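Peer 1: I'd like to ask you about the structure that follows.
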Amino acid sequence: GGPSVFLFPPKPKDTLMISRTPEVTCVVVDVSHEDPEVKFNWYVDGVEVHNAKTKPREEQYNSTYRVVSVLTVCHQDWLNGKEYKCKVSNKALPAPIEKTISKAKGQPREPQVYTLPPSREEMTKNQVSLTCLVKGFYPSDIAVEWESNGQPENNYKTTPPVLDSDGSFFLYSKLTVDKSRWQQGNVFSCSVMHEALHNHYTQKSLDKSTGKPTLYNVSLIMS
Amino acid sequence: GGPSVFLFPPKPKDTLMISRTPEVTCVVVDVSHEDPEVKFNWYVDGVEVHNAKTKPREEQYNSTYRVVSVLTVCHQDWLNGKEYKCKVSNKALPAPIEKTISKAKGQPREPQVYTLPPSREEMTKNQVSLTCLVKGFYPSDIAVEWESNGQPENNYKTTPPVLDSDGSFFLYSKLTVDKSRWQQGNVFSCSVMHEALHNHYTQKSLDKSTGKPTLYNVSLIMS
Amino acid sequence: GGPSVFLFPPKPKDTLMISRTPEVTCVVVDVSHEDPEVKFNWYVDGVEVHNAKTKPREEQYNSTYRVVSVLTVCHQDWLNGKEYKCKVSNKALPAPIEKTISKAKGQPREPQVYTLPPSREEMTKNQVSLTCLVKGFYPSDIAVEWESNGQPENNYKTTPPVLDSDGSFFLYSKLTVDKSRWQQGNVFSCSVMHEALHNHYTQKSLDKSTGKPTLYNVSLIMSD
C-alpha cells in the first residue's frame, strides 16, 4: 500500500450550536507521482451522496503528494450515528484500505460542571485565574467556552479530557483576567456544550460574592 | 372549487436549536371532492428539492379533503432567510397558485433576561409563583423554557409578545411550584432562545438569594 | 357583498368610568354601496328601545362601507348579565341577521394582586421597570392602572390575559421610570378593578424599601 489515507473526523465543537457546517476530509497522502490520478468512491448506508465535492491537488515541500476533498454535512445527520466510508483506489496500491468513520456507540452520561473561585495568593499577583471543571461525561466530544459580555475572551485555555476510574472523563478550563476587573463583580461563566446535556448547553455563574453569603462586620459598643 | 391555501412558519424552537427537526408545510383547506389528489411542488430559491414529501390525504368530519406536504430544512437555511415557494396544482383548480414564505427582515437586538422573586404576600399561599421576563428583542421569534437541576418542568405559562414604546418586544413567563421545594433552596433557571443571543441560548438562574443584606451593619452603642 | 356585523363587547373600564357608561357599539363592515339605507335595531332584554344614535357611514376604497352605531343603556343593566341583541338589516342581505352579546357566565373569583420590586441587575440600565401582577380572576373583565399621587405616569404596559390551568386568568402591568424617581421613594400603586372585587377598586402600593435586614447602614444613637 503505497498511498496512505488520512481521515479528519468532524470537529466536535463544530457539530454543536450552528456556526458552520462540519467538514470531514478523506485526504490521500503519499501519492506516487507516476499516477497522480486517484479513484474515489462513497459508502453511506448503501446509497451514494449527491453533494460530492473536490479540491485541486497540492504539492508539499517534500516528495509527499496530497489530494484533499471537502463536504457539507447537516448537524442532525452526524448525531444520528450514521456510518460513513470513503473508498480510495489507486494503481500503486495492491488492495484498497478500509477506514470507516461512525459515531461512538456508547451510553451517554450527563456531565456536571463546577466553578472554583481564585485563591487568595492569586490576589497578590496582577492577574486573577478563574477555573471551572466539567466531569462525568462518557463521550470525549465536548466543548467549553468562557462567555462574557460581547465577544468572548480568547484567553481561555482548556485541557484535554482525562479518563477516570469510573470510565467517564473530566477536564478543566482556566481563564486569566485583570486583577482590577475582579473587584468590579463582573458576571463570569463558562458555557459547556455536550450531546448528553439538555439542549446541549449549560452555564455556571461565578462571582466574588456568591462564594460565601455569611453576614459579617458586627460592631458592639458599650459605655 | 378553488381550495384555500394556508402557509405556516416553522416553530422557532425547531429552528434555532439542533436536535429538533424543523419542517416547512403549506396546507390546503376545502379541496374539491372531484379531484381529492392535489399536486404540491416545493422550490428553494428557484431550485427543486427531492427531499420534500407529502403525507397521504385523509377524510375529515366536515367532508373536506386536506393534503399536507412537509419539507425538511436546514438551520442555516432558515437563518439566512431564503425564500421558499409552495406551488399548488390541481385538476379541479383552474390555475396553479404559488405562495412565498420567508423570514421577516429586521435589526437583531440582543434581549435582556431578568428574574423576579415571589412576593411576600404570595409566598403565604400554598402555590409559589416564579416569574422570568425577557425584553428588548426586535424579532418576534423567541423561545422561553423553565427547568431545574434535576429535570425540566411543564407547569409554565408564557405570555404572547407585546409591543413597547421603542418597538422591541417584551414578555413574561410564570412557573407555579410548591413551597416545600422552594424553601429548600432549589435552583430554577429560565432559558431564552433568540437569534440575536450568543449561540442562540441564554440561561438565567435563581437561587432564592435575592435581596442579600449588605456586608456593613448598623453599629450598636450603649448610653 | 353582504354586510358583516362584528361584535365589540363593552370594555369594563368603559362601564366603570362614569362618563362612558351608556355607550354600546355596533360595528358593520363590508357594506355594499348600492344600498344606501341601513336599518339598526337594539333588543334589550327582549324589548325595543325608543332612542337610538348612529354616526354617518365611512367610505372605503374597496367598494365597502363602515357603519358604527351607539346605543345608550344603563351600566347596571349590562352588569346584570342580561343578553343584548343587535340587528342590522339591508337590501343586500336576503334576511336580517341577529347577533347576541352578553357578559361571560361563570363563578366569580376574587383576584390576587402582587407587586414585585426591580431586580438588582436593572440599575445598570438607565430606565427601571416595576411590575404588578394580577391572577386568579375567571372573568376577562379587568382594569389595571398605574397610579402615583404626585403625577400620573405616561408610560403604561399591559399584556393580554392568559388562560390558567384552573380556568382563571392572570396578567402583568409594567411601568418604566427613571432611576432617580425610584430612588427618591416615589409613591407607586397599581389600581385593580374587577367585577367580583368589593367596591370595584383595590390598591397595592409598592414601597422603596426591599425589606433587607440591613438597609440603613448608619450608626444609631442612644439617648436616655
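Following the order of the C-alpha cells, first chain is A, next is B, and so on, with residues numbered from 1 inside each chain and ligands from 1 in the order they appear.
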Counting only C-alpha atoms, which residues from chain A have an atom at most 7 Å from any atom of chain B, and could you show them as a short mmCIF file (atom, residue, chain, number, x, y, z; two decimals) with N, CA, C and O atoms, in the first residue's frame?

Peer 2:
```cif
data_model
loop_
_atom_site.label_atom_id
_atom_site.label_comp_id
_atom_site.auth_asym_id
_atom_site.auth_seq_id
_atom_site.Cartn_x
_atom_site.Cartn_y
_atom_site.Cartn_z
N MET A 17 -23.83 24.04 18.43
CA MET A 17 -24.63 25.21 18.06
C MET A 17 -24.18 25.83 16.74
O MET A 17 -22.99 26.08 16.53
N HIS A 75 -26.12 19.03 10.61
CA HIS A 75 -25.81 18.79 12.01
C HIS A 75 -26.58 17.59 12.55
O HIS A 75 -26.03 16.79 13.32
N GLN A 76 -27.85 17.44 12.16
CA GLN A 76 -28.66 16.34 12.68
C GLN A 76 -28.20 14.99 12.13
O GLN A 76 -28.40 13.96 12.79
N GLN A 203 -24.69 26.50 31.71
CA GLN A 203 -23.89 27.63 32.17
C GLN A 203 -23.84 27.66 33.69
O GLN A 203 -24.81 27.31 34.36
N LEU A 215 -23.24 36.79 56.81
CA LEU A 215 -23.18 38.17 57.27
C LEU A 215 -21.92 38.40 58.09
O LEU A 215 -21.46 37.52 58.82
N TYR A 216 -21.36 39.60 57.96
CA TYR A 216 -20.08 39.92 58.58
C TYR A 216 -20.17 41.34 59.15
O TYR A 216 -21.19 42.02 59.01
N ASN A 217 -19.08 41.78 59.78
CA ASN A 217 -18.91 43.16 60.25
C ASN A 217 -20.01 43.55 61.25
O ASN A 217 -20.86 44.40 60.99
N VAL A 218 -19.96 42.89 62.40
CA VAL A 218 -20.86 43.18 63.52
C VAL A 218 -20.06 43.93 64.58
O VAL A 218 -19.06 43.42 65.09
N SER A 219 -20.51 45.14 64.91
CA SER A 219 -19.81 46.01 65.85
C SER A 219 -20.69 46.28 67.06
O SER A 219 -21.87 46.63 66.91
N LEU A 220 -20.12 46.12 68.25
CA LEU A 220 -20.82 46.36 69.50
C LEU A 220 -20.01 47.35 70.33
O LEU A 220 -18.80 47.18 70.50
N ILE A 221 -20.69 48.38 70.85
CA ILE A 221 -20.06 49.41 71.67
C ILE A 221 -20.80 49.48 73.00
O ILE A 221 -22.03 49.58 73.02
N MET A 222 -20.05 49.44 74.09
CA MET A 222 -20.61 49.50 75.44
C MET A 222 -20.03 50.71 76.16
O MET A 222 -18.82 50.95 76.11
N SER A 223 -20.89 51.47 76.83
CA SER A 223 -20.47 52.65 77.57
C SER A 223 -19.72 52.26 78.83
O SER A 223 -19.15 53.11 79.52
#
```

Peer 1: When the cut-off is 10 Å and we count only C-alpha atoms, which residues of chain B are near chain C, given as a ChimeraX atom specification?

Peer 2: /B:112-122,131,155-165,170-172,174,210-223

Peer 1: Emit the selected residues as a tab-separated table (two decimals), in the first residue's frame, including N, CA and C atoms.

Peer 2:
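The resulting file, result_37.tsv, is reproduced below:
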```tsv
chain	number	residue	atom	x	y	z
B	112	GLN	N	-32.63	41.26	26.96
B	112	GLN	CA	-32.22	41.19	28.36
B	112	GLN	C	-33.21	40.33	29.12
B	113	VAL	N	-32.69	39.40	29.93
B	113	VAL	CA	-33.49	38.44	30.67
B	113	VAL	C	-33.30	38.70	32.16
B	114	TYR	N	-34.41	38.79	32.89
B	114	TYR	CA	-34.37	39.00	34.33
B	114	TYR	C	-35.36	38.07	35.02
B	115	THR	N	-35.13	37.85	36.31
B	115	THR	CA	-35.98	37.00	37.13
B	115	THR	C	-36.45	37.78	38.35
B	116	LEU	N	-37.70	37.58	38.74
B	116	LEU	CA	-38.28	38.27	39.88
B	116	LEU	C	-38.68	37.27	40.96
B	117	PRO	N	-38.30	37.51	42.22
B	117	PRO	CA	-38.69	36.59	43.28
B	117	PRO	C	-40.17	36.70	43.58
B	118	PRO	N	-40.77	35.68	44.19
B	118	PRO	CA	-42.18	35.78	44.58
B	118	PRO	C	-42.39	36.84	45.65
B	119	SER	N	-43.59	37.42	45.64
B	119	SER	CA	-43.93	38.45	46.61
B	119	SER	C	-44.09	37.85	48.00
B	120	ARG	N	-43.92	38.71	49.01
B	120	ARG	CA	-44.07	38.27	50.40
B	120	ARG	C	-45.50	37.83	50.69
B	121	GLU	N	-46.48	38.55	50.14
B	121	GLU	CA	-47.87	38.15	50.32
B	121	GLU	C	-48.20	36.87	49.55
B	122	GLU	N	-47.53	36.64	48.42
B	122	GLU	CA	-47.82	35.47	47.60
B	122	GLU	C	-47.25	34.19	48.19
B	131	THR	N	-41.38	34.22	38.29
B	131	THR	CA	-41.54	34.97	37.05
B	131	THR	C	-40.18	35.27	36.44
B	155	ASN	N	-45.28	22.96	34.14
B	155	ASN	CA	-46.31	23.88	34.62
B	155	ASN	C	-45.85	25.33	34.48
B	156	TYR	N	-45.55	25.71	33.24
B	156	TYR	CA	-45.09	27.05	32.92
B	156	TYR	C	-45.97	27.65	31.83
B	157	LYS	N	-46.26	28.94	31.96
B	157	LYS	CA	-47.09	29.66	31.01
B	157	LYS	C	-46.35	30.90	30.53
B	158	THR	N	-46.31	31.10	29.22
B	158	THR	CA	-45.60	32.22	28.61
B	158	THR	C	-46.61	33.14	27.93
B	159	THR	N	-46.55	34.42	28.28
B	159	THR	CA	-47.45	35.40	27.67
B	159	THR	C	-47.00	35.71	26.24
B	160	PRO	N	-47.95	36.03	25.36
B	160	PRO	CA	-47.57	36.39	24.00
B	160	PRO	C	-46.78	37.68	23.99
B	161	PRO	N	-45.86	37.84	23.03
B	161	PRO	CA	-45.08	39.08	22.96
B	161	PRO	C	-45.97	40.28	22.65
B	162	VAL	N	-45.59	41.43	23.20
B	162	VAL	CA	-46.32	42.68	23.01
B	162	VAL	C	-45.34	43.78	22.65
B	163	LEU	N	-45.87	44.84	22.04
B	163	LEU	CA	-45.06	45.96	21.60
B	163	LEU	C	-44.66	46.83	22.79
B	164	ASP	N	-43.70	47.72	22.55
B	164	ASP	CA	-43.23	48.67	23.55
B	164	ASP	C	-43.11	50.05	22.90
B	165	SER	N	-42.71	51.04	23.70
B	165	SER	CA	-42.56	52.39	23.18
B	165	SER	C	-41.47	52.46	22.12
B	170	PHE	N	-41.35	42.54	24.50
B	170	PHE	CA	-41.06	42.07	25.84
B	170	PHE	C	-42.19	41.15	26.30
B	171	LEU	N	-41.84	40.19	27.15
B	171	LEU	CA	-42.82	39.22	27.62
B	171	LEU	C	-42.36	38.63	28.95
B	172	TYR	N	-43.30	37.97	29.62
B	172	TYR	CA	-43.08	37.33	30.91
B	172	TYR	C	-43.42	35.85	30.81
B	174	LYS	N	-44.36	32.54	33.69
B	174	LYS	CA	-44.71	32.22	35.06
B	174	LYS	C	-44.68	30.72	35.28
B	210	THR	N	-31.99	36.50	46.37
B	210	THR	CA	-32.24	37.90	46.08
B	210	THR	C	-32.40	38.69	47.37
B	211	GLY	N	-31.99	39.96	47.33
B	211	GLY	CA	-32.03	40.81	48.50
B	211	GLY	C	-31.04	40.42	49.58
B	212	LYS	N	-29.83	40.05	49.19
B	212	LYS	CA	-28.80	39.71	50.17
B	212	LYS	C	-28.42	40.95	50.97
B	213	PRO	N	-28.38	40.87	52.30
B	213	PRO	CA	-28.03	42.05	53.10
B	213	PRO	C	-26.60	42.50	52.84
B	214	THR	N	-26.38	43.80	52.99
B	214	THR	CA	-25.05	44.37	52.78
B	214	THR	C	-24.09	43.89	53.85
B	215	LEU	N	-22.79	43.90	53.51
B	215	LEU	CA	-21.77	43.47	54.46
B	215	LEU	C	-21.74	44.37	55.69
B	216	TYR	N	-21.87	45.68	55.49
B	216	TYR	CA	-21.91	46.61	56.61
B	216	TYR	C	-23.18	46.41	57.43
B	217	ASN	N	-23.07	46.66	58.73
B	217	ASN	CA	-24.19	46.51	59.65
B	217	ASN	C	-24.26	47.73	60.56
B	218	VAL	N	-25.46	47.97	61.09
B	218	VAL	CA	-25.67	49.13	61.95
B	218	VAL	C	-24.98	48.91	63.28
B	219	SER	N	-24.16	49.87	63.69
B	219	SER	CA	-23.43	49.76	64.94
B	219	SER	C	-24.37	49.93	66.13
B	220	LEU	N	-24.11	49.18	67.19
B	220	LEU	CA	-24.89	49.24	68.42
B	220	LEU	C	-24.06	49.88	69.52
B	221	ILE	N	-24.63	50.89	70.17
B	221	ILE	CA	-23.96	51.62	71.24
B	221	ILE	C	-24.84	51.59	72.48
B	222	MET	N	-24.22	51.88	73.63
B	222	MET	CA	-24.90	51.90	74.91
B	222	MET	C	-24.82	53.30	75.50
B	223	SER	N	-25.93	53.77	76.08
B	223	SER	CA	-25.96	55.08	76.71
B	223	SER	C	-25.99	54.95	78.23
```

Peer 1: Mind giving me the straight-line distance from CA of residue 41 in chain C to CA of residue 86 in chain C in Å, one decimal?

Peer 2: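 Spanning CA of residue 41 in chain C to CA of residue 86 in chain C is a straight-line distance of 6.0 Å.
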
Peer 1: Would you pick out the contacts of range 137-144 of chain A at 9 Å or less, using only C-alpha atoms, so that residues sharing its chain but fewer than 3 positions from it are not included, and give the list as a list in words?

Peer 2: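 The neighbour list is residues 11, 12, 13, 16, 104, 106, 107, 108, 109, 110, 111, 112, 134, 158, 161, 163, 167, 168, 169, 170, 173, 190, 191, 192, 193, 194, 195 and 196 of chain A.
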
Peer 1: With N, CA, C and O atoms retained, export the selected residues as a short mmCIF file (atom, residue, chain, number, x, y, z; two decimals), in the first residue's frame.

Peer 2:
```cif
data_model
loop_
_atom_site.label_atom_id
_atom_site.label_comp_id
_atom_site.auth_asym_id
_atom_site.auth_seq_id
_atom_site.Cartn_x
_atom_site.Cartn_y
_atom_site.Cartn_z
N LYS A 11 -15.19 18.19 13.47
CA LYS A 11 -14.86 18.84 14.73
C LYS A 11 -16.01 18.69 15.72
O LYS A 11 -17.16 19.03 15.39
N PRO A 12 -15.76 18.17 16.93
CA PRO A 12 -16.85 18.05 17.91
C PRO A 12 -17.48 19.39 18.28
O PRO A 12 -18.68 19.44 18.56
N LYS A 13 -16.69 20.46 18.29
CA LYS A 13 -17.25 21.78 18.58
C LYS A 13 -18.10 22.29 17.42
O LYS A 13 -19.10 22.98 17.64
N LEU A 16 -21.81 21.28 17.14
CA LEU A 16 -22.66 21.91 18.15
C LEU A 16 -23.32 23.16 17.57
O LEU A 16 -23.39 23.29 16.34
N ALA A 104 -19.54 7.08 18.02
CA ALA A 104 -19.27 6.09 19.06
C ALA A 104 -20.57 5.53 19.62
O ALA A 104 -21.51 6.28 19.90
N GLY A 106 -21.83 4.36 22.54
CA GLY A 106 -21.72 4.28 23.98
C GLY A 106 -22.91 4.95 24.65
O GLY A 106 -23.60 5.78 24.07
N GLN A 107 -23.12 4.56 25.90
CA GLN A 107 -24.23 5.11 26.68
C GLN A 107 -23.92 6.55 27.08
O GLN A 107 -22.87 6.79 27.70
N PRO A 108 -24.77 7.52 26.75
CA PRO A 108 -24.50 8.90 27.15
C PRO A 108 -24.52 9.07 28.66
O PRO A 108 -25.27 8.39 29.37
N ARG A 109 -23.68 9.98 29.15
CA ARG A 109 -23.59 10.29 30.57
C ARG A 109 -23.75 11.79 30.76
O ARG A 109 -23.10 12.58 30.07
N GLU A 110 -24.62 12.18 31.69
CA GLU A 110 -24.88 13.59 31.92
C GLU A 110 -23.74 14.20 32.73
O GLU A 110 -23.49 13.77 33.86
N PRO A 111 -23.03 15.19 32.19
CA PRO A 111 -21.88 15.76 32.90
C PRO A 111 -22.28 16.85 33.89
O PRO A 111 -23.31 17.51 33.77
N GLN A 112 -21.41 17.02 34.89
CA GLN A 112 -21.59 18.02 35.93
C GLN A 112 -20.46 19.03 35.85
O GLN A 112 -19.29 18.65 35.73
N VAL A 134 -15.45 20.36 34.30
CA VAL A 134 -16.59 19.54 33.91
C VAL A 134 -16.17 18.08 33.96
O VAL A 134 -15.11 17.71 33.45
N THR A 158 -8.23 25.24 27.65
CA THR A 158 -8.93 24.02 28.00
C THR A 158 -7.98 22.83 27.91
O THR A 158 -7.27 22.68 26.91
N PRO A 161 -9.46 15.99 27.70
CA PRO A 161 -10.14 15.10 28.66
C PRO A 161 -9.22 13.99 29.14
O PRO A 161 -8.38 13.48 28.39
N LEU A 163 -9.20 10.23 31.20
CA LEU A 163 -10.01 9.11 31.63
C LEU A 163 -9.93 8.92 33.14
O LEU A 163 -8.89 9.15 33.75
N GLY A 167 -14.61 5.33 34.23
CA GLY A 167 -14.76 5.30 32.79
C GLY A 167 -15.25 6.58 32.17
O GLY A 167 -15.29 6.68 30.93
N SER A 168 -15.64 7.57 32.97
CA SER A 168 -16.07 8.86 32.46
C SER A 168 -14.84 9.73 32.19
O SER A 168 -13.69 9.29 32.31
N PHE A 169 -15.06 10.99 31.83
CA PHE A 169 -13.99 11.92 31.52
C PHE A 169 -14.18 13.20 32.32
O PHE A 169 -15.31 13.57 32.67
N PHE A 170 -13.07 13.88 32.60
CA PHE A 170 -13.09 15.15 33.30
C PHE A 170 -12.04 16.07 32.70
O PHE A 170 -11.02 15.62 32.17
N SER A 173 -10.95 24.17 32.71
CA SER A 173 -10.81 25.33 31.85
C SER A 173 -10.40 26.52 32.71
O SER A 173 -11.00 26.77 33.76
N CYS A 190 -18.67 29.94 32.13
CA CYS A 190 -18.10 29.08 31.10
C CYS A 190 -19.20 28.14 30.61
O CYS A 190 -19.63 27.25 31.34
N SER A 191 -19.66 28.37 29.39
CA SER A 191 -20.70 27.52 28.80
C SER A 191 -20.10 26.19 28.38
O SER A 191 -19.09 26.14 27.67
N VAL A 192 -20.73 25.10 28.83
CA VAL A 192 -20.34 23.75 28.47
C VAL A 192 -21.42 23.16 27.56
O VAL A 192 -22.62 23.30 27.84
N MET A 193 -20.98 22.55 26.46
CA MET A 193 -21.88 22.01 25.45
C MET A 193 -21.51 20.56 25.20
O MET A 193 -20.37 20.26 24.82
N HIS A 194 -22.47 19.67 25.43
CA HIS A 194 -22.30 18.23 25.26
C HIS A 194 -23.59 17.65 24.70
O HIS A 194 -24.67 18.23 24.86
N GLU A 195 -23.47 16.50 24.04
CA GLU A 195 -24.64 15.88 23.43
C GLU A 195 -25.61 15.33 24.47
O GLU A 195 -26.82 15.31 24.23
N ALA A 196 -25.10 14.88 25.62
CA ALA A 196 -25.97 14.32 26.65
C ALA A 196 -26.74 15.39 27.40
O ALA A 196 -27.84 15.11 27.90
#
```

Peer 1: Based on the backbone DSSP call, show me all residues of range 52-199 of chain A assigned alpha helix (DSSP H), as a list in words.

Peer 2: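 The alpha helix (DSSP H) residues within range 52-199 of chain A come out as residues 75, 76, 77, 78, 79, 120, 121, 122, 123, 124, 179, 180, 181, 182 and 183 of chain A.
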
Peer 1: Restrict the selected residues to N, CA, C and O atoms and save them as a PDB file, in the first residue's frame.

Peer 2:
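The new file result_5.pdb reads:
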```pdb
ATOM      1  N   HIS A  75     -26.115  19.031  10.607  1.00  0.00           N
ATOM      2  CA  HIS A  75     -25.814  18.791  12.014  1.00  0.00           C
ATOM      3  C   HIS A  75     -26.580  17.587  12.553  1.00  0.00           C
ATOM      4  O   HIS A  75     -26.035  16.790  13.324  1.00  0.00           O
ATOM      5  N   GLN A  76     -27.848  17.440  12.160  1.00  0.00           N
ATOM      6  CA  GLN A  76     -28.657  16.341  12.677  1.00  0.00           C
ATOM      7  C   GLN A  76     -28.202  14.992  12.133  1.00  0.00           C
ATOM      8  O   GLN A  76     -28.404  13.964  12.788  1.00  0.00           O
ATOM      9  N   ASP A  77     -27.594  14.971  10.943  1.00  0.00           N
ATOM     10  CA  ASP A  77     -27.150  13.707  10.362  1.00  0.00           C
ATOM     11  C   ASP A  77     -26.038  13.072  11.190  1.00  0.00           C
ATOM     12  O   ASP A  77     -26.029  11.853  11.393  1.00  0.00           O
ATOM     13  N   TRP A  78     -25.090  13.880  11.669  1.00  0.00           N
ATOM     14  CA  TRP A  78     -23.986  13.340  12.456  1.00  0.00           C
ATOM     15  C   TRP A  78     -24.473  12.773  13.784  1.00  0.00           C
ATOM     16  O   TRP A  78     -23.982  11.733  14.239  1.00  0.00           O
ATOM     17  N   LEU A  79     -25.436  13.443  14.422  1.00  0.00           N
ATOM     18  CA  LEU A  79     -25.962  12.964  15.695  1.00  0.00           C
ATOM     19  C   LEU A  79     -26.736  11.659  15.553  1.00  0.00           C
ATOM     20  O   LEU A  79     -26.934  10.961  16.552  1.00  0.00           O
ATOM     21  N   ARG A 120      -6.487  33.176  47.444  1.00  0.00           N
ATOM     22  CA  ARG A 120      -6.044  34.469  47.958  1.00  0.00           C
ATOM     23  C   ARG A 120      -4.675  34.847  47.403  1.00  0.00           C
ATOM     24  O   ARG A 120      -4.408  36.025  47.141  1.00  0.00           O
ATOM     25  N   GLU A 121      -3.793  33.860  47.226  1.00  0.00           N
ATOM     26  CA  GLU A 121      -2.456  34.143  46.711  1.00  0.00           C
ATOM     27  C   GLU A 121      -2.519  34.732  45.307  1.00  0.00           C
ATOM     28  O   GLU A 121      -1.728  35.618  44.961  1.00  0.00           O
ATOM     29  N   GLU A 122      -3.456  34.253  44.483  1.00  0.00           N
ATOM     30  CA  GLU A 122      -3.640  34.830  43.156  1.00  0.00           C
ATOM     31  C   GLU A 122      -4.013  36.303  43.232  1.00  0.00           C
ATOM     32  O   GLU A 122      -3.738  37.062  42.294  1.00  0.00           O
ATOM     33  N   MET A 123      -4.640  36.727  44.332  1.00  0.00           N
ATOM     34  CA  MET A 123      -4.954  38.141  44.506  1.00  0.00           C
ATOM     35  C   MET A 123      -3.693  38.985  44.629  1.00  0.00           C
ATOM     36  O   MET A 123      -3.710  40.175  44.296  1.00  0.00           O
ATOM     37  N   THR A 124      -2.595  38.394  45.111  1.00  0.00           N
ATOM     38  CA  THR A 124      -1.340  39.132  45.207  1.00  0.00           C
ATOM     39  C   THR A 124      -0.817  39.515  43.828  1.00  0.00           C
ATOM     40  O   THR A 124      -0.338  40.638  43.629  1.00  0.00           O
ATOM     41  N   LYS A 179      -6.616  41.859  37.494  1.00  0.00           N
ATOM     42  CA  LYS A 179      -6.956  41.868  38.913  1.00  0.00           C
ATOM     43  C   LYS A 179      -8.003  42.930  39.226  1.00  0.00           C
ATOM     44  O   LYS A 179      -8.908  42.699  40.037  1.00  0.00           O
ATOM     45  N   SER A 180      -7.895  44.101  38.592  1.00  0.00           N
ATOM     46  CA  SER A 180      -8.814  45.197  38.887  1.00  0.00           C
ATOM     47  C   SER A 180     -10.250  44.835  38.525  1.00  0.00           C
ATOM     48  O   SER A 180     -11.187  45.180  39.254  1.00  0.00           O
ATOM     49  N   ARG A 181     -10.444  44.144  37.399  1.00  0.00           N
ATOM     50  CA  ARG A 181     -11.788  43.780  36.967  1.00  0.00           C
ATOM     51  C   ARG A 181     -12.465  42.798  37.914  1.00  0.00           C
ATOM     52  O   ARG A 181     -13.697  42.711  37.917  1.00  0.00           O
ATOM     53  N   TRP A 182     -11.691  42.056  38.711  1.00  0.00           N
ATOM     54  CA  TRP A 182     -12.288  41.081  39.620  1.00  0.00           C
ATOM     55  C   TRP A 182     -13.101  41.760  40.716  1.00  0.00           C
ATOM     56  O   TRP A 182     -14.185  41.286  41.074  1.00  0.00           O
ATOM     57  N   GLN A 183     -12.595  42.868  41.264  1.00  0.00           N
ATOM     58  CA  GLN A 183     -13.310  43.560  42.332  1.00  0.00           C
ATOM     59  C   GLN A 183     -14.583  44.235  41.841  1.00  0.00           C
ATOM     60  O   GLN A 183     -15.458  44.546  42.656  1.00  0.00           O
TER      61      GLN A 183
END
```
